[PDB]
Amino acid sequence: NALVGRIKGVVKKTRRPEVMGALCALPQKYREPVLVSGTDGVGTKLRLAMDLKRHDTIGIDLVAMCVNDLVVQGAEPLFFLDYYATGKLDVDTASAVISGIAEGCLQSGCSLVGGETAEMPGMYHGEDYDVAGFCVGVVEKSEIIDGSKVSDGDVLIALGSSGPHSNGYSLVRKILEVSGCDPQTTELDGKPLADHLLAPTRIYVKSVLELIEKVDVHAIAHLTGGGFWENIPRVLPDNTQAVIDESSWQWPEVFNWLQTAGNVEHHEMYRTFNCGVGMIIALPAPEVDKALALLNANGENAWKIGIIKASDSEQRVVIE
Amino acid sequence: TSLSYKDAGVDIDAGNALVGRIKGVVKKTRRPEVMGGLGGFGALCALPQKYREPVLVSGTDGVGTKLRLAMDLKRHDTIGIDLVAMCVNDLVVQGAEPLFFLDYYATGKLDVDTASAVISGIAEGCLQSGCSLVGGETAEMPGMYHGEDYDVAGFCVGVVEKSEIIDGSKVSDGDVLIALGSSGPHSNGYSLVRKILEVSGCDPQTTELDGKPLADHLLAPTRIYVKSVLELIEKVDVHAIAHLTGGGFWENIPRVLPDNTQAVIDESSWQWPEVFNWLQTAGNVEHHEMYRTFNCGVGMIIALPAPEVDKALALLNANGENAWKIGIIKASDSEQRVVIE
């Protein structure tokens, strides 16, 4: 009860006109609407936020991972739900998480329409909590980005990340342990290391939806678990190879610190971390100049990162 | 020494291994509206052609207290049915047809065997509900979950025609209440169940109730009423539907009745299933608390006009439901909203 009064405003303020067991009509502009759905958790980044006593942006991470996966196929995020599971309910901690979820929903354009807080005393020790996220998007059936248009000669455009986002934090915590440094004390390019590590995942919803309306996008890859090696081939047709130009961008410094402090090898960095790339967009070469101009002028860090070539190689991604 | 995700890591491939094993069981739930996605970034499902103004009905849930007892007795083939049943039975309350379902599975180290049995129960619940299991997430957080503990959360999406949303405004003085029998406690009242089991020193596996061990009665999967309720709305003017969950008769029945209306329950119209008689005796529970904690054999209550009762009962009983007239609706002259006589 002490929580529902502190979070009834976030459900009210994120409300879309379509919102009426939560009720939400479909946006009127869709003639043949197709529902796109997904669920997620924040991951090991929860443990780092707990160790740091910083829960103010965990809810942004939760929404971002959901909504970024929806917009990959061209879907407009419609509504969001979360399942807050904990041992003993720390009202201040849950309020900070829900505030972050509300911020993520507002940036995504979707409404926080439902949720639940469950208390499992014997399963969570301390003040631990686990939050599941759930989001539903709508895409026009004819406008689904199914990746079937990815062809030889397409150019790859990368969108910069705000940091590690919400993947690879199991390795982050191991690197911090073996280095023994204090993340709040260790300064890194003028900011504490903890700020680099806890930075909320960037939400690409509005910029991608603006892009699809103006240029012809063939596919989009959200770089999450498994980094480049696992996520890029998910959008590649058979007999195609993605060639990444490693010189086209510099890693944000947090990834250099992680590599050095953990002695992490080249392939492992591109598997565990996004290394500064949140998303990769495949599109035909004549569309690149328009795409880069739109993205960089509308709040993104976009650059030409590579190309797609026809190839029967079993190594679907090359980072040279 | 070069640090890798194998020094700790969540083991994404174990989650990928789980999806590889249960891929066939999940495929069997696929509706015609389901479309293959790009690379699993999101699940694609079209809207059913039936709906001219579709309104999406969504909800999340967990089994919570029943999960504790299910793993304390080390039987987890039906808790996935409970997770789906709680979602989909709530959707049909407003008239929504369940469309698709997603689950969030979290544990310390992924036991692929235990997870596959839970997912198979979720898929089974989706088959009974007519919805598809179209996605999920498996999270490996070794430091947060100790022992063999796991947590599972469900998310469901249903569709309802906008002009047909059931909000209880059609409830009238004189509406007859039909009840749908439950399969047991379903998924509510289980902190009291665990307390009664403790204070009585009862091992529910070696305690026989009517020939079956008490654990079978306590852990019976929640009955799914989707297909019976959707047919009822199709063939009968349904005014309201009460889903008896947490809070029992006293809390859930008024939640669907409009203001200045009262439900009068005829207690002689049914006998409590024996699992509730056992819990009442072993816990010395007041009957008023029984109606507060447990559904006492009544999973759902439908309000509808008196002329349509015979057709409704014939339809429901033809689907295998345990249906009977449980009470009536009358104007509450600033009185209590639920009365059990």
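Cut-off values and rules
- Residues numbered from 1 in each chain as written, not as in the entry; some residues may be left out.
- Chains lettered and ligands numbered in written order.
- Heavy atoms only, no water.
- UniProt positions renumbered as here; feature names shortened; annotations may be inferred.
- Domains from an automatic or database assignment.
- Contact = heavy atoms within 4.5 Å.
- Buried area = accessible area lost by both parts, 1.4 Å probe.
- Salt bridge = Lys/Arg side-chain N within 4 Å of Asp/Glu carboxyl O.
- Polar contact = N/O pair within 3.5 Å; in protein donor to acceptor, adjacent residues only side chain to side chain.
- Helix = DSSP H or I, 4+ residues; strand = E, 2+ residues; numbered from the N terminus.
- Axes fitted to C-alpha atoms, helices over the stretch in contact; angles between N-to-C directions.
- Parallel < 35°, antiparallel > 145°, perpendicular 65-115°, else oblique.
- Left-handed = near helix turned anticlockwise from the far one by under 90°.
- Nonpolar A, V, L, I, M, F, W, Y, C, P; charged D, E, K, R; others polar.

As recorded in the PDB entry, chain B goes by Phosphoribosylformylglycinamidine cyclo-ligase and comes from Escherichia coli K-12. In the PDB, the structure is listed with the title "Crystal structure of E. coli AIR synthetase". Listed under Subcellular location in UniProt, the entry text for chain B is "Cytoplasm".

Labelled according to the PDB entry, chain A appears under the name Phosphoribosylformylglycinamidine cyclo-ligase, originating from Escherichia coli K-12. Under the Subcellular location heading, UniProt states for chain A: "Cytoplasm".

Undergrad: Just to check I follow, could you spell out the domain arrangement of chain A for this structure?
TA: Interface size is commonly expressed as the accessible area that is lost once the parts come together. All names here are of chain A. Split by domain assignment, chain A resolves into domain 1 (4-143) and domain 2 (155-319). Between the C-alpha centres of domain 1 and domain 2 there is a distance of 23 Å. Facing 28 residues of domain 1, the contacting portion of domain 2 comprises 28 residues. Summed over both partners, the interface of domain 1 with domain 2 buries about 2,400 Å², with 65% contributed by carbon and sulfur atoms. Joining domain 1 to domain 2, the criterion identifies two salt bridges. For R54, the salt bridge goes to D195, with nearest N and O atoms at 2.5 Å. Remark: the boundary between domain 1 and domain 2 carries 12 residue pairs in polar contact. If you list the elements that add at least two residues to the side of domain 1 that touches domain 2, you get helix 2 (45-52), helix 3 (58-71), strand 3 (76-86) and helix 4 (91-108). For the side of domain 1 that touches domain 2, the leading source of residues is helix 3, giving eight residues.

Undergrad: Would you mind showing me how to read the packing of helix 4 (residues 79-91) of chain B against helix 5 (residues 112-129) of chain B here?
TA: Angle between the axes and distance between the axes are the two parameters that describe a pair of packed helices. All names here are of chain B. One can describe the packing of helix 4 onto helix 5 by two numbers: an axis separation of 6 Å at closest approach and a directional angle of 40°. With respect to their mutual orientation, helix 4 and helix 5 come out oblique. The hand of the helix 4/helix 5 crossing is right-handed. Between helix 4 and helix 5, the contacting residues are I79, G80, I81, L83, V84 and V88 on the first element and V118, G121, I122, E124, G125, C126 and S129 on the second. Its residues placed into classes, the contact of helix 4 with helix 5 shows eight nonpolar, four polar and one charged.

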